[PDB]
Protein chains: 2
Amino acid sequence: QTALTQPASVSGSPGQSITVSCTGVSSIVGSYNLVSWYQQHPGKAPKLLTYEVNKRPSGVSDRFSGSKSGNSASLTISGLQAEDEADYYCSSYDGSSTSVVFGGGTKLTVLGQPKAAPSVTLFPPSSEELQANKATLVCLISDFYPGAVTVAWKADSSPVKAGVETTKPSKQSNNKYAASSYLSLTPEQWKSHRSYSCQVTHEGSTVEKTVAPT
Amino acid sequence: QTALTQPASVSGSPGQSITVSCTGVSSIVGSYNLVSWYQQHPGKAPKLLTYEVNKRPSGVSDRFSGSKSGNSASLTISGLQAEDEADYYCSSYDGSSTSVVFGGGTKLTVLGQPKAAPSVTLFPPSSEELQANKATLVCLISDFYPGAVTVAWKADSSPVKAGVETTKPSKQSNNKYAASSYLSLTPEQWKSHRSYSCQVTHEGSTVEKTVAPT
């Protein structure tokens with residue numbers, strides 16, 4: 001399809017400014033100045049940031065400002081924050097097609113954020129669960145950055161070969177990532193070891209928690 | 001709440017027809033017939049399926065058809081295929097901001113196995129945690145399909161907001177989904193009540209587990 005031209009990606013550190021360009025805006029029939037910019041976070045609807053080139057909706061930070069220069073429009077994000085990581089799109093009312101044309105989208109990554117080792121909380125199977133004749137261990141991994149981690153489980157000091165499920169890390173409200181891993185065991189297995197452990201490796205550093213029947 | 005509203009999610013089987021509807025198009029000033037539907041697959045840019053209510057651009061299968069009746073517009077997909085699983089957004093031109101406004105999106109699942117309700121296991125704060133003056137409860141939600149759920153926390157019979165985080169449903173190895181919702185609260189607050197409840201809602205049904213400090 002046809003689209004306005006935007007760079008595929010941009011990146012900057014907190015506090016910096018990023019300007020995303022959008023070319024091909026000039027309306028053909030008429031001299032429309034109808035350029036808008038939208039922000040889209042994963043799995044959510046695009047949200048309007050600016051319209052009519054430089055007007056901003058209420059609710060939108062003044063760190064976002066739009067401008068135009070001939071056949072090109074720009075969105076400048078001032079004082080970048082980790083929450084700005086998202087896809088950004090411009091749109092323009094084209095006159096040549098009599099309709100609205102969108103840009104191809106620009107993915108924005110906020111680099112230079114501070115490394116944060118994960119917090120690890122390990123929960124043994126509860127009495128309630130044992131009454132149902134099942135035993136599940138949950139290893140909660142939170143507030144780490146960057147968002148990549150490796151999780152390994154041990155029964156005493158030996159590697160656990162089965163029953164492990166670990167979720168893909170997701171960015172939470174504080175811009176750090178969370179994930180959980182759970183190990184499904186039979187109560188016999190749970191009771192036949194002195195302890196079980198969750199080992200979480202982040203950026204080459206390993207954090208480990210252990211828990212035992214009681 | 002928003003200018004355009006549509007269901008958070010819907011599911012259908014391969015071969016069937018399904019219709020997703022958006023309401024609010026007539027309330028938008030200057031929308032006329034500028035109603036579009038977009039399909040968006042994870043990580044990809046949104047793809048335009050229909051515009052001007054019922055026209056399809058080049059390449060879009062005639063399995064997709066848009067319609068409009070009054071204050072609602074609908075996208076009907078016939079002969080549902082697995083590649084149709086994706087997020088769908090309606091949008092409309094909005095003369096008040098000379099911008100396009102989008103509906104909130106509908107997550108469409110093309111059923112590939114029977115619907116499976118969530119396994120919900122709730123864990124009270126571990127002792128290691130308490131001795132470290134922290135109290136996090138975790139609501140493990142596993143093996144559900146379709147991969148969409150809503151969770152509600154209740155400290156006694158009072159809903160809770162603050163301190164809640166929930167990972168984006170992640171797909172397990174058994175092809176079902178899993179996620180955990182954790183409530184971080186101070187040990188004091190943990191004692192303060194007699195119980196906490198995790199209320200998971202999946203495909204209409206809302207299962208609930210409750211734990212007690214003991």
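Below, chains carry the letters A, B, ... as their sequence lines are ordered, and counting in each starts from 1. All values below were derived from every heavy atom in this structure, side-chain atoms included, with hydrogens, water molecules and symmetry-related copies excluded.
- A heavy-atom distance below 4.5 Å is not found between the side chains of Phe144(B) and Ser119(B).
- Remark: side-chain polar atoms of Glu203(A) are not paired, donor with acceptor, to backbone N or O of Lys115(A) under 3.5 angstrom.
- Atom CG of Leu34(A) and atom OG of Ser99(B) lie 8.5 Å apart (nearest 0.5 Å).
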### Message
Evaluate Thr206(A) against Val200(A) for side chain to side chain contact (heavy atoms under 4.5 Å, CB included), listing each step before the verdict.
### Response
CA-CA 6 Å; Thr206(A) 294; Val200(A) 180; over 6 Å; no
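- No side-chain heavy atom of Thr76(B) sits less than 4.5 Å from a side-chain heavy atom of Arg63(B).
- Inter-residue side-chain proximity for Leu140(B) and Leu122(B) is flagged as unmet; no heavy-atom pair is nearer than 4.5 Å.
- In this structure, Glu52(B) and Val35(B) have side chains that are not in contact, with every pair of non-hydrogen atoms separated by 4.5 Å or more.
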#### Entry: Residues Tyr196(B), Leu185(B); criterion side chain to side chain contact (heavy atoms under 4.5 Å, CB included); working and verdict
CA-CA 11 Å; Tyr196(B) 289 70; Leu185(B) 68 106; 3.6 Å; yes
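- Of all the heavy atoms in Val110(A) and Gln81(A), the pair that sits closest is CG2-O, 3.5 Å.
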### Query
Taking it one step at a time, do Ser158(B) and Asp156(B) satisfy side chain to side chain donor-acceptor pair (under 3.5 Å)?
CA-CA 6 Å; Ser158(B) 318; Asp156(B) 282 316; 5.9 Å; no
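- Judged by distance alone, the side chain of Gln6(A) and the main-chain N or O of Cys90(A) form a donor-acceptor pair under 3.5 Å.
- The aromatic ring centres of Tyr89(A) and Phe102(A) sit 6.0 Å or more apart.
- Annotation for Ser36(A) and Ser97(B): closest pair OG-O, 4.4 Å, computed over non-hydrogen atoms.
- The side-chain heavy atoms of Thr201(B) and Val151(B), taken from C-beta on, include no pair separated by under 4.5 Å.
- Taken from CG in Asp87(B) to CD in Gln39(B), the straight-line distance is 9.5 Å, to the nearest 0.5 Å.
- Using a distance-only test at 3.5 Å, with no hydrogens or angles considered, a donor-acceptor pair links the side chain of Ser126(A) to the main chain of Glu129(A).
- Judged by distance alone, with hydrogens and angles left aside, the side-chain atoms of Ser91(B) form no donor-acceptor pair with the main-chain N or O of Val100(B) at under 3.5 Å.
- For the pair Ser92(A) (side chain) and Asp94(A) (backbone), a donor-acceptor distance under 3.5 Å is absent.
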### Task
Test side chain to side chain contact (heavy atoms under 4.5 Å, CB included) on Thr50(B) and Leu75(B) and set out the steps.
CA-CA 8 Å; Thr50(B) 59; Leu75(B) 173 63; 4.2 Å; yes
### Task
Evaluate the side chain to side chain contact (heavy atoms under 4.5 Å, CB included) criterion for residues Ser181(B) and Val164(B): first the C-alpha distance (whole Å), next the side-chain angles of each, then the deciding distance (0.1 Å), finally the verdict.
CA-CA 7 Å; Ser181(B) 170; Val164(B) 185; 3.8 Å; yes
### Query
Taking it one step at a time, do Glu165(B) and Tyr182(B) satisfy side chain to side chain donor-acceptor pair (under 3.5 Å)?
CA-CA 6 Å; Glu165(B) 289 284 7; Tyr182(B) 53 102; 5.0 Å; no
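- In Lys209(B), the NZ atom is not crowded: 12 or fewer heavy atoms of neighbouring residues, nucleotides or ligands sit closer than 6.0 Å.
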### Query
Going through the distances and angles, do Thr186(B) and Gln189(B) end up as a side chain to side chain donor-acceptor pair (under 3.5 Å)?
CA-CA 5 Å; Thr186(B) 69; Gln189(B) 293 160 39; 2.9 Å; yes
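- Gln172(A) and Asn174(A) share no side-chain donor-acceptor pair at under 3.5 Å.
- Ring orientation note: the planes of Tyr32(A) and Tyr93(A) are nearly perpendicular, at an angle over 60° on the 30°/60° scale.
- Considering only residues two or more places apart in sequence or on other chains, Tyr145(A) meets the ring pair (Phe, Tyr, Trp, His ring centres under 6.0 Å) condition with none of them.
- Note that the CD1 atom of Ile141(A) and the SG atom of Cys198(A) stand 5.0 Å from one another [nearest 0.5 Å].
- In this structure, the side chain of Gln40(B) engages the main chain of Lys44(B) through a donor-acceptor pair within 3.5 Å.
- Taking a cutoff of 4.0 Å between a charged side-chain nitrogen and a carboxylate oxygen, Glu85(A) and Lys171(A) qualify as a salt bridge.
- Residues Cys139(B) and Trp153(B) are in side-chain contact: their nearest non-hydrogen atoms beyond the backbone lie under 4.5 Å apart.
- Using a 4.5 Å heavy-atom threshold, the side chains of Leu108(B) and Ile77(B) count as touching.
- Side chain of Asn54(A) to main chain of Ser67(A): no donor-acceptor pair is present (N/O by atom type, distance under 3.5 Å, no hydrogens or angles).
- Residues forming a side-chain contact (heavy atoms from CB on, under 4.5 Å) with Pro7(A) (at least two apart in sequence, or on another chain): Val10(A), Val20(A), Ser21(A), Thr106(A).
- Annotation: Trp37(B) is not in aromatic contact with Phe64(B) [ring centroid separation under 6.0 Å not met].
- Of the possible polar contacts, one joining the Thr167(A) side chain to the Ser180(A) backbone as a donor-acceptor pair under 3.5 Å is found.
- The shortest non-hydrogen separation linking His202(B) to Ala117(B) is ND1-CA, 3.8 Å.
- Other residues, nucleotides and ligands contribute at most 12 non-hydrogen atoms within 6.0 Å of the NZ atom of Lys107(B).
- Looking only at distances, no side-chain donor or acceptor of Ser72(A) sits under 3.5 Å from a matching main-chain atom of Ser69(A).
- In plain terms, the two heavy atoms of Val25(B) and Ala73(B) that are nearest each other are CG1-CB, 4.1 Å.
- Under the 4.5 Å side-chain criterion, counting only non-hydrogen atoms from C-beta, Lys134(A) is in contact with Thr121(B).
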### Task
Decide side chain to side chain donor-acceptor pair (under 3.5 Å) for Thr109(A) and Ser11(A); before the verdict, give the C-alpha distance in whole Å, the side-chain angles of both, and the deciding distance to 0.1 Å.
CA-CA 5 Å; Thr109(A) 301; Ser11(A) 51; over 6 Å; no
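- Heavy atoms from other residues, nucleotides or ligands lying under 6.0 Å from CD of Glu128(A) number 12 at most.
- Nearest heavy atoms, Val60(A) versus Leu49(A): CG1-O, 3.7 Å.
- Rounding to the nearest 0.5 Å places OG of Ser13(B) at 4.5 Å from CG of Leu111(B).
- The heavy-atom pair separating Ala162(A) from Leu183(A) by the smallest distance is O-CD1, 3.4 Å.
- Rounded to the nearest 0.5 Å, atoms NZ (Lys68(A)) and SG (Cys22(A)) are 10.0 Å apart.
- Note that CD1 of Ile18(A) is 8.5 Å distant from OH of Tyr88(A), once rounded to the nearest 0.5 Å.
- Judged by distance alone, the side chain of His41(B) and the main-chain N or O of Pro46(B) form no donor-acceptor pair under 3.5 Å.
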